[PDB]
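Undergrad: So the protein sequences, as listed, match chains B and A.
According to the entry's author numbering, the stretch in the first sequence is residues 61 to 80, 88 to 514, in order.
According to the entry's author numbering, the stretch in the second sequence is residues 61 to 81, 89 to 515, in order.
Where a beta carbon is used, it is the ideal one built from N, C-alpha and C, also for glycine.
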Amino acid sequence: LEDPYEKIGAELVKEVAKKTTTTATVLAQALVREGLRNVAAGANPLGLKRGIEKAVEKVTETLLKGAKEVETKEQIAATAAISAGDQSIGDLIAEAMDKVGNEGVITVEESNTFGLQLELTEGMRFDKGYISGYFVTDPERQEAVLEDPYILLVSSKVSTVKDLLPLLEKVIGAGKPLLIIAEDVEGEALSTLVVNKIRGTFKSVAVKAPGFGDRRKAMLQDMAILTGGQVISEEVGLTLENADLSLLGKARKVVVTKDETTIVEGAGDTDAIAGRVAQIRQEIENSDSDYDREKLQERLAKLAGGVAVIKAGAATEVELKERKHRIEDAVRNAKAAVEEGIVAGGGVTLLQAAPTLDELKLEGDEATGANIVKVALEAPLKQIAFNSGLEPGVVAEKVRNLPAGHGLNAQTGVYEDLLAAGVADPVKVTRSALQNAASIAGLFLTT
Amino acid sequence: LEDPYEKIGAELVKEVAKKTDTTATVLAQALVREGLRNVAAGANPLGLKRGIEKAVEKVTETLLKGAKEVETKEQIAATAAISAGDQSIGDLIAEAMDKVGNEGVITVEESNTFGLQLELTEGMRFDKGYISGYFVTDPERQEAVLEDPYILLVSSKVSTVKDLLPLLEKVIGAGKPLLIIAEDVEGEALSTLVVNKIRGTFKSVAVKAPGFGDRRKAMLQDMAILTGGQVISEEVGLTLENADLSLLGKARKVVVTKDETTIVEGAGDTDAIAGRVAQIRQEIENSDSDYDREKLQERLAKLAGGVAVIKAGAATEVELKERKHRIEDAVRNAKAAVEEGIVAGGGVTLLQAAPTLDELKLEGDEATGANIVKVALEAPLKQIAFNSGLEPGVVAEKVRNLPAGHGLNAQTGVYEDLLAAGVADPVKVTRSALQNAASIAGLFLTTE
Ligand SMILES: [Mg+2]
Numbered sequence: 061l062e063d064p065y066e067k068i069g070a071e072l073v074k075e076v077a078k079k080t088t089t090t091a092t093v094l095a096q097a098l099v100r101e102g103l104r105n106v107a108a109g110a111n112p113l114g115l116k117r118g119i120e121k122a123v124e125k126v127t128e129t130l131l132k133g134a135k136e137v138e139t140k141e142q143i144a145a146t147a148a149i150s151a152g153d154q155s156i157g158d159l160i161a162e163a164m165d166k167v168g169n170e171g172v173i174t175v176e177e178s179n180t181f182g183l184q185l186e187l188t189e190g191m192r193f194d195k196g197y198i199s200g201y202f203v204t205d206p207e208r209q210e211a212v213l214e215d216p217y218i219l220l221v222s223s224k225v226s227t228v229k230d231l232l233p234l235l236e237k238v239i240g241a242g243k244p245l246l247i248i249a250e251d252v253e254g255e256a257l258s259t260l261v262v263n264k265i266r267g268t269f270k271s272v273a274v275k276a277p278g279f280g281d282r283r284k285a286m287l288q289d290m291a292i293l294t295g296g297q298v299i300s301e302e303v304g305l306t307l308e309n310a311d312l313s314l315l316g317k318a319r320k321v322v323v324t325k326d327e328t329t330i331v332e333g334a335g336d337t338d339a340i341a342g343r344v345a346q347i348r349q350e351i352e353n354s355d356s357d358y359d360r361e362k363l364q365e366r367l368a369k370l371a372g373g374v375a376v377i378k379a380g381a382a383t384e385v386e387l388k389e390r391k392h393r394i395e396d397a398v399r400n401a402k403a404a405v406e407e408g409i410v411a412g413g414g415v416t417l418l419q420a421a422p423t424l425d426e427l428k429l430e431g432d433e434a435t436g437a438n439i440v441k442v443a444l445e446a447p448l449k450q451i452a453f454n455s456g457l458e459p460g461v462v463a464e465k466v467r468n469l470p471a472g473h474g475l476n477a478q479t480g481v482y483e484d485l486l487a488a489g490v491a492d493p494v495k496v497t498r499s500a501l502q503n504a505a506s507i508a509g510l511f512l513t514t
Numbered sequence: 061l062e063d064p065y066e067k068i069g070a071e072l073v074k075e076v077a078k079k080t081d089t090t091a092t093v094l095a096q097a098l099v100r101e102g103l104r105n106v107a108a109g110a111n112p113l114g115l116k117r118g119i120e121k122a123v124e125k126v127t128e129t130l131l132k133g134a135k136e137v138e139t140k141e142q143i144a145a146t147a148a149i150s151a152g153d154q155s156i157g158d159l160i161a162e163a164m165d166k167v168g169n170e171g172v173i174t175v176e177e178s179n180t181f182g183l184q185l186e187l188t189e190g191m192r193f194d195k196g197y198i199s200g201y202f203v204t205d206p207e208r209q210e211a212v213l214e215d216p217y218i219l220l221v222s223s224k225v226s227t228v229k230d231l232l233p234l235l236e237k238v239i240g241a242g243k244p245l246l247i248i249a250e251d252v253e254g255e256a257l258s259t260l261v262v263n264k265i266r267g268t269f270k271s272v273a274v275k276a277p278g279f280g281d282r283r284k285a286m287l288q289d290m291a292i293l294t295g296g297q298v299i300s301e302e303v304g305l306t307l308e309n310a311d312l313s314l315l316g317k318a319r320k321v322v323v324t325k326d327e328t329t330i331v332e333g334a335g336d337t338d339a340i341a342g343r344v345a346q347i348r349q350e351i352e353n354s355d356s357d358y359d360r361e362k363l364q365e366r367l368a369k370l371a372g373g374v375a376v377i378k379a380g381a382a383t384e385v386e387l388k389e390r391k392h393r394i395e396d397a398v399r400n401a402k403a404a405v406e407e408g409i410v411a412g413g414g415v416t417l418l419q420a421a422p423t424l425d426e427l428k429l430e431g432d433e434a435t436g437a438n439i440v441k442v443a444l445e446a447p448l449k450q451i452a453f454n455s456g457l458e459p460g461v462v463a464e465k466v467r468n469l470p471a472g473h474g475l476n477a478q479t480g481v482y483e484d485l486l487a488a489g490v491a492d493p494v495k496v497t498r499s500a501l502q503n504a505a506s507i508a509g510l511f512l513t514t515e
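#1: Taking the continuous beta strand (DSSP E) assigned at A/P493, which residues delimit it?
#2: Any chance the CB of A/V212 is under 7 Å from a heavy atom of ligand 1?
#3: Taking the alpha-carbon of A/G278 as reference, which of A/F193, A/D165 and A/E389 has the nearest alpha-carbon?
#4: Within its chain, find whatever has a CB closer than 7 Å to the CB of B/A318; leave out the 5 residues flanking it on each side and keep chain order.
#5: Quick one: is B/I265 buried, meaning 16 or more other Cβ sit within 10 Å of its Cβ, or exposed?
#6: Fully enclosed by the segment 122-180 of chain A, which beta strand (DSSP E) runs are 3 residues long or longer?
#7: In chain order, what residues of the segment 265-284 of chain B put their CB closer than 7 Å to some CB of chain A?
#8: Please report how far the alpha carbon of A/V442 lies from the alpha carbon of A/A505, in whole angstroms.
#9: In the structure shown, what three-state DSSP assignment does A/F193 receive?
#10: Hey, could you find the ends of the alpha helix (DSSP H) B/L232 is sitting in?
#11: Quick one: is B/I68 buried, meaning 16 or more other Cβ sit within 10 Å of its Cβ, or exposed?
#12: Select from the segment 182-203 of chain B all residues with a C-beta closer than 7 Å to any C-beta belonging to chain A, and list them in chain order.
#13: Could you check if B/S313 is buried or exposed, using at least 16 other CB atoms within 10 Å of its CB as the buried criterion?
#14: What runs of the alpha helix (DSSP H), each 4 residues or longer, lie entirely inside the segment 405-474 of chain B?
#15: Which residues, in order along the segment 472-506 of chain B, keep a beta-carbon less than 9 Å from a beta-carbon of chain A?
#16: Tell me the DSSP secondary structure of A/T329 in three-state form.
#17: Name the residues in the segment 327-352 of chain A whose C-beta lies less than 7 Å from a C-beta of chain B; which are they?
#18: Pull up the distance between the alpha-carbon of B/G460 and that of B/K449, whole angstroms please.
#19: In angstroms with no decimal places, state the Cα-to-Cα distance between B/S455 and B/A477.
#20: Does chain B have any CB closer than 8 Å to the CB of A/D355?
#21: Express the C-alpha separation of A/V466 and B/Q297 in angstroms, rounding to a whole number.
#22: Check whether the segment 400-420 of chain A and the segment 120-135 of chain A are in contact - that is, three or more C-beta pairs closer than 8 Å.
#23: Cα-Cα, which of A/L94, A/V494, A/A401 and A/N400 is closest to A/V410?
#24: Have a look at residue 85 of chain B and B/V440 and give me their C-alpha separation to the nearest angstrom.
#25: Taking 8 Å as the CB-CB limit, is A/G373 close to chain B?
#26: Please report the straight-line C-alpha distance between B/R283 and B/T80, rounded to a whole angstrom.
#27: Using only the heavy atoms of ligand 3, determine whether one of them is closer than 7 Å to the beta carbon of A/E302.
#28: Consult DSSP for A/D336 and reduce its assignment to one of helix, strand or coil.
#29: Is it the case that the CB of residue 82 of chain A approaches a heavy atom of ligand 1 more closely than 7 Å?
#30: I want to know whether the segment 478-498 of chain A touches the segment 129-148 of chain A - three or more CB-CB distances under 8 Å.
#31: Relative to the alpha-carbon of B/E176, which residue among B/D359, B/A381, B/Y65 and B/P64 has its alpha-carbon at the smallest distance?
#32: Anything in chain B within Cβ reach of A/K317, meaning under 7 Å, just list it in chain order.
#33: Have a look at A/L187, A/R208 and A/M164 and flag the residue whose alpha-carbon is nearest the alpha-carbon of A/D326.
#34: State the Cα-Cα distance for the pair B/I394 and B/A211, rounded to the nearest angstrom.
#35: Relative to the alpha-carbon of A/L315, which residue among A/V323, A/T306, A/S155 and A/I299 has its alpha-carbon at the smallest distance?
#36: DSSP three-state call for A/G109: helix, strand or coil?
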């Protein structure tokens, strides 16, 4: 017996949570559900809202405090282990993470041998995707992939053709593909690119150069040095209309997604790349302004860290797929666990955070909004036990009474330390999930 | 044969000219002495003045009308190079106007490298200066300049001393200066900030946040993102007690004048910024009001625009100051050309304008007031002829006649096209000079 009016809300919250999950939705649905219930009893939608927010801030802290850290390769490997359901894969990720460090570029690649192989190379990644989604090549992943690409680096906009075709020709005359990173690519240069690309006459991609202004020119310089090319900036005697392939950097493979370009390989001497690396260590030392050291460490990281490449073997392209996926997922989990740490999954951490909300003194509407969150904190667990075909109220009461870290495991069915068991979660994820559920829920009780 | 009187008065005028704003001074003197003779011949002040005012208008629409427009990077470049006495400069500014766009912010600082530098960075200028002039650090330029500051955004009034202590404590702890932008900064809060600045204890500036109510609160948030800071509010974010330096935003430099605040190089995540600019473009499209719309789009033009910096090849001395104040003039002066156009430089475009006065209602005293104007229009060129040592009336008569758009030069001594010959003024400038003079003259007539 579910109230029609609540059901219609339920579905409006779900159809939203989609766009911005399973935890977050079930968690939102609960919040909104208790929301409408108290809004109907004459309660300020706003007061219930701010009250929720305070509750969520407080639970957040409590979750970040009571979070098991993940630092040793050994631990790290275990986290990735779970995320992929394979010890072999987690160890290879932990290896890679150790080599290039937790925050390093770790891509995964379709090897033709079989098994699982780790290789390191140079390259870097920046948060700038393709200009047009028409530059795409693997529709399912929504990525463009160039192979043995020439790299055009331009410190201005590109929109004419009169300066493009000189270069373009000389590049198709090599039967090589091309990545161009410029201030921007505007139509007549964007369309000549996207078009020749479908004609199949010319494969390529265009990406907005990262940053703004002068730092932007230094990051293009960076890329030239890490690619073996020279930045095209007519301001210093280097015409676009006049450029032999000599001015373009090369690499092994480029990969552009909706928001990040990855170059893999080089591309400039070990000398030059060392030179740049040092010079940047210099600026770092000779600066007393913290911003520039931030942005410098940043440039350094990409330039110095290089790229870890995980190689996977297979025979069905579908397996190659499922594999690439599984690994990629384990990476992002690994990285997230190394940042706020890790916590018992199963929705137990959340349901056992509820009693932290008594340390909170609020009055009326903001106090109810707090107690609403307190009830929602159990939704994820209760929801799981329901799919498990167990008794929601009943499981919420057999867990509300157990050691901090133990609850229902729907794999075995055996109430145990869920952390032990490898039912865990990166706490970033549990904290994100609550926060969104609480924005969504807030917005609802207000619009 | 100078008149001790007209002399004693031309002199008095020159001083009232050195007040705000020299073409105007010669104009104002010409209007006043001519205006005096006539007053000393019966003619009424109020009458002549009123007349001058109406006579100036006419000369205005006319000067606007005879305006060679400027759009292109060529033209624009050309203008600034004149007003700067360099063509590197001209270009460098025309360039600077290419990038940040035409009505964007273009800052000039004195650097220590040699080649005048164009750096683009994130940043912002808004229309509010220092709450108090005691924050001034360069007393010549009436400016407060702050290096590597920590910026504080507060959507409420700051008055209370105690409220800030826990934050100020932490900022003195870093040797960094602080720019505070609140609803206001008054009372013991204000004096405390000031006292400390005089002492040397602590380097700050306090500025009022722009606009009102909601719309102010939104711009604050804009400043927040552009800087990496978050707006301290008592409705979303937390109290001013137990605040962290991570809350503060930062930038390479803040310039606060009597009128304005520039934030150079905000320390914000370039993509955080981009994202917000997005949020605004959306708001614009969803906007139900053509008013709500123009506001949003200038907010947007501030974020996305950033700030052109120009560094002054130095090496090495007081020249770096002069050199700065010139580059600056060449900038407000190109921004000005574009906006209204250019005209016959020299003292010319003004002269040839007088023939536009006759189309008025030449009646009584106001008839004469206007007749005074047609006279002073000669003044500009007059003075110049007086320098290279010519015959005012002769040079003046000849030029008075030469086909619309030609006149004499200074280095050139050639009655040739002077626009082409490269000698010109922003209309606006020329229009302002006359308008000002008349306003001076305006006094000497009514008052003693
Ligand atoms: Mg300066």
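TA: Once the coordinates are examined:
#1: Walking along the second sequence from the start, residue 493 of chain A turns up at place 426. Element bounds for A/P493: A491 to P493.
#2: Translated into positions along the second sequence, residue 212 of chain A becomes position 145. True, at least one ligand heavy atom lies under 7 Å from that Cβ.
#3: Here residue 278 of chain A corresponds to residue number 211 of the second sequence, with the count starting at 1. Measuring from the Cα of A/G278, the nearest candidate turns out to be A/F193.
#4: In the first sequence, counting from the first residue as 1, residue 318 of chain B sits at position 251. For B/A318, where only same-chain residues beyond five positions count, the Cβ hits under 7 Å are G190, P216, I218, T294, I330, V331, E332, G333 and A334.
#5: Your numbering for residue 265 of chain B matches position 198 in the first sequence. B/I265 sits exposed, since fewer than 16 C-beta atoms from the chains shown fall within 10 Å of its C-beta.
#6: Correct list: 172-176.
#7: Per Cβ criterion, the list reads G278, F279, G280 and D281.
#8: Stepping through the second sequence from its first residue, residue 442 of chain A is reached at position 375. Stepping through the second sequence from its first residue, residue 505 of chain A is reached at position 438. Going from the Cα of A/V442 to the Cα of A/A505 covers about 13 Å.
#9: Locating residue 193 of chain A in the second sequence gives position 126, where the first residue counts as 1. If DSSP states are grouped into helix, strand and coil, A/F193 belongs with the strands.
#10: Taking the first residue of the first sequence as 1, we reach residue 232 of chain B at position 165. Element bounds for B/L232: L231 to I239.
#11: Taking the first residue of the first sequence as 1, we reach residue 68 of chain B at position 8. The residue in question, B/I68, is exposed, as its Cβ has fewer than 16 Cβ neighbours within 10 Å.
#12: Of all residues in the segment 182-203 of chain B, only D194 come within less than 7 Å of chain A when Cβ atoms are compared, listed by chain position.
#13: As a working note, residue 313 of chain B is residue 246 in the first sequence. So B/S313 ends up on the exposed side.
#14: Runs found: 415-418, 431-443, 446-454 and 459-466.
#15: So nothing in the stretch comes that close.
#16: Mapped onto the second sequence, residue 329 of chain A falls at position 262. Note: A/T329 maps to strand in three-state DSSP.
#17: Listed in sequence order: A334, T337 and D338.
#18: Reading the first sequence from its first residue, position 393 is the one you call residue 460 of chain B. Reading the first sequence from its first residue, position 382 is the one you call residue 449 of chain B. Distance between the alpha carbons of B/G460 and B/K449: 7 Å.
#19: Within the first sequence, residue 455 of chain B is the residue found at index 388, counting from 1. Within the first sequence, residue 477 of chain B is the residue found at index 410, counting from 1. Distance between the alpha carbons of B/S455 and B/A477 is about 6 Å.
#20: Position 288 of the second sequence, counted from the first residue, corresponds to residue 355 of chain A. No, no contact with chain B.
#21: The residue labelled residue 297 of chain B in the question sits at position 230 within the first sequence. The residue labelled residue 466 of chain A in the question sits at position 399 within the second sequence. Distance between the alpha carbons of B/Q297 and A/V466 is about 56 Å.
#22: With a cut-off of 8 Å, the segment 120-135 of chain A and the segment 400-420 of chain A count as touching, because enough Cβ pairs lie within range.
#23: In the second sequence, counting from the first residue as 1, residue 410 of chain A sits at position 343. Cα-wise, what sits closest to A/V410 is A/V494.
#24: The model of chain B omits the segment between 80 and 88, and residue 85 of chain B is among the residues lacking coordinates.
#25: Residue mapping note: residue 373 of chain A aligns to position 306 of the second sequence, counting from 1. It does: the Cβ of A/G373 has a partner Cβ on chain B nearer than 8 Å.
#26: Stepping through the first sequence from its first residue, residue 283 of chain B is reached at position 216. Stepping through the first sequence from its first residue, residue 80 of chain B is reached at position 20. A direct Cα-to-Cα measurement between B/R283 and B/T80 gives close to 31 Å.
#27: In the structure shown, ligand 3 is absent; the only ligands present are ligand 1.
#28: As a working mapping, residue 336 of chain A is identified with position 269 in the second sequence. Note: A/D336 maps to coil in three-state DSSP.
#29: Residue numbering in chain A breaks between 81 and 89, and residue 82 of chain A falls inside that break, so it has no position here.
#30: Taking a contact to require three or more Cβ pairs closer than 8 Å, the segment 478-498 of chain A and the segment 129-148 of chain A qualify as touching.
#31: Here residue 176 of chain B is taken as the residue at index 109 of the first sequence, counted from 1. When only C-alpha atoms are compared, the closest one is B/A381.
#32: Locating residue 317 of chain A in the second sequence gives position 250, counting from the first residue. What A/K317 touches in chain B: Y358.
#33: For the purposes of this step, residue 326 of chain A is taken as the residue at position 259 of the second sequence. Nearest in C-alpha terms to A/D326, of all of A/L187, A/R208 and A/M164, is A/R208.
#34: As a first step, residue 394 of chain B must be located in the first sequence, where it is residue number 327. As a first step, residue 211 of chain B must be located in the first sequence, where it is residue number 144. C-alpha separation (whole angstroms): 20 Å.
#35: What you label residue 315 of chain A is simply residue 248 of the second sequence in a count that begins at 1. The alpha carbon of A/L315 has as its nearest neighbour, out of A/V323, A/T306, A/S155 and A/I299, the alpha carbon of A/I299.
#36: Walking along the second sequence from the start, residue 109 of chain A turns up at place 42. In this structure, A/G109 counts as coil in the three-state DSSP scheme.
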